[PDB]
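Examination of the molecular architecture
Here's the letter readout for the chains.
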Amino acid sequence: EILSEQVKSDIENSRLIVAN
Amino acid sequence: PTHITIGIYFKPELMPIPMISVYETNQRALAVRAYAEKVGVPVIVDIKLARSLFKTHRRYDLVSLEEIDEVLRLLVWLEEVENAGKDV
């Protein structure tokens with residue numbers, strides 16, 4: 001699958017995600 | 001990019017300025033959204049802001065003075081919103 005454990009971790013540690 | 005996903009890290013205990021934690025487009029953007037939803041990290045669909053952070057910043061930058069005030073407003077807003085729901 002397409003998200004590495006690094007990015008998963010980065011998401012977990014974010015306050016928010018801004019999206020379009 | 002037809003989809004964009006920008007992540008904001010903010011922990012003032014550690015560091016005063018927020019950071020671009022996540023930076024992805026298209027499929028990877030869709031997967032970031034699905035993963036934040038799964039894992040409970042809030043997703044704010046703000047087209048102008050997504051678009052301009054995408055243009056101005058890169059993964060692991062600090063948020064620059066150009067966009068800092070807008071990002072800070074989003075962060076305060078999110079905190080207020082959490083607090084409104086934290087007592088109910």
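Residues numbered from 1 in each chain as written, not as in the entry; some residues may be left out. Chains lettered and ligands numbered in written order. Heavy atoms only, no water.

The deposited coordinates, according to the entry record, derive from X-ray crystallography at 2.60 Å resolution.

**Quick look at the environment of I20 of chain B**
All names here are of chain B. Threshold: A run of H or I in DSSP becomes a helix once it reaches four residues, and a run of E becomes a strand once it reaches two; helices and strands are each numbered from the N terminus. Any two residues having at least one pair of non-hydrogen atoms within 4.5 Å are treated as being in contact.
Within the secondary structure, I20 sits in strand 2 (residues 19-25). Linking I20 and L62, residues 42 residues apart in sequence, is a C-alpha distance of 6.2 Å. Aside from chain neighbours lying at most four places away, what touches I20 is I6, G7, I8, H57, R58, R59, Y60, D61 and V63.

**What about unusual backbone geometry?**
All names here are of chain B. This is how the line gets drawn: Any residue under 20% of the maximum accessible area for its type is buried, any over 50% is exposed, and the rest in between are partly exposed; the area is computed with a 1.4 Å probe on protein chains only.
Even without being a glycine, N26 presents a positive backbone phi close to 50°. Note on placement: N26 falls in helix 1 (residues 26-39). With relative accessibility at 30%, the residue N26 sits in the partly exposed group. Phi angles above zero are rare outside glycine, and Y60 is one such case at about 75°. Looking at the element boundaries, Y60 is found in the loop between helix 2 (47-56) and helix 3 (65-84).

**A word on the pairing of strand 2 of chain B**
All names here are of chain B. How we decide: Two strands pair if DSSP finds at least two bridges between them.
With six of seven residues buried, strand 2 is to be regarded as a mostly interior element. Judged from the six bridges that link them, strand 1 (residues 4-9) and strand 2 form a sheet pairing that is antiparallel. Pairing of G7 across the sheet is with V22, part of strand 2.

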